[PDB]
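Next up: a single chain in structure tokens, the form deposited in one PDB entry.
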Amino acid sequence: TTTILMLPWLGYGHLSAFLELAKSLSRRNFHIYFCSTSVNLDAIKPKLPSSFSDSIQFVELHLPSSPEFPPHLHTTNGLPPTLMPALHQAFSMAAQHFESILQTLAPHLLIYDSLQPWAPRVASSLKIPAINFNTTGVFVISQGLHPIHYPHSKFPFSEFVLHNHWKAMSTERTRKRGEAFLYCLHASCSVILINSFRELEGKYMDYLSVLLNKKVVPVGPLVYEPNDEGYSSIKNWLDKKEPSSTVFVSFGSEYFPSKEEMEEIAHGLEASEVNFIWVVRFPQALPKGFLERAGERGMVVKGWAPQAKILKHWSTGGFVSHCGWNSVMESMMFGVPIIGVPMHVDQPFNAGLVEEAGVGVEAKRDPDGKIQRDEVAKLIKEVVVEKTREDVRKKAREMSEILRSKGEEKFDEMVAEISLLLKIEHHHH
């Protein structure tokens, strides 16, 4: 039995995408060691059906621990942003435990995320072949690598323009971050895997492959679908609404919008008169009277909501989303138009790809980089409340039809590449 150890970065969206990939490999008769910190393994375990537990086994990675940084903070999920430097420093210090895990389990293959340059170095030292898996889409990576080779040329194959707000958000420190990220891709054996699909990003995949001089293999759409978490009361509330009348509002697992940002979002929801379910979180807030004036149109869920189940409900007509890639992939699969309110990292590029595909719209920031309640209201009105953007709704339906038609063949290329790589390395061993 061929064994693969999988090492996602310590973020919930990363663990989620890796676990969907783990199931696909389990269905192809691989045995999977799924390796993360205990707090992340606990968070993702409800997403693993019991039928997989014989072939997908959780392996705890130990980070350095202190009473000031204890194991329940060894995740980006709800982490105070100012502990991100500590979290990254401790993850890099896990390389010795990770070496011991690889020596004990001796897996045939390592699949690793793009935030751990040490991981393919440890694997190589044990003669364990290793492949990089990216849980972003392709667009953002191609946009970052293009200016390195073509500093005086516009990015081709897109009219996307990154807002000045993110253009400025020591160039030497920024360079070293990019060198570590690219090393993870560059070090990958023969191919890199990425959670995307050609109908959406084929031209960018081909370009990235030319730029990196490595084959890019899509393995998406990777989308978790559950089989209470508070859904019983949420479903009963959604059941009282008209079809396609409600927006779900969420900024993912590792972002806390500021008070000023929440004000613009809240006033936008209010002016649109939409029904809304809004997940509000606080690290491990709303205008006075906002909920009271919303009345039965609004619901705030504290901490966490059953995102997939809400997006699949017949009452849901829109998704006000930070445009994290898993959330975008879910919304496309479920056919819910995205109203993009991107915040940072890959999100503004994801919102631009959503907009260019015609399956969603982006709420634009003002020149000073602030969210605009007027934009948010206008786009919710057009996409959900009055539905004058029938073009967006049609493209969203058509994309979901495309994504629902994909099956296990989406993994054929990855499996063939893994097979070839292990047969070659067995010779060289």
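Numbering starts at 1 and follows the sequence shown. Here the rigid core means the biggest group of C-alpha atoms that line up within 1.5 Å when the two forms are laid on top of each other.
There is another form of this protein, the form deposited in another entry, and it is not shown here; the text below is about that form.
Just a single entry of 195, 76, 250, 188 exceeds or equals a 2 Å CA shift between this form and the one not shown, which is 188 (rigid core superposed). Core-superposed comparison between this form and the one not shown: the C-alpha position of residue 175 differs by no less than 2 Å.
Cα-Cα spacing of residue 188 to residue 420 is reduced in that other deposited form versus the present form (difference of at least 3 Å). Relative to the shown form, the Cα atoms of residue 326 and residue 181 move apart by 3 Å or more in that other deposited form.
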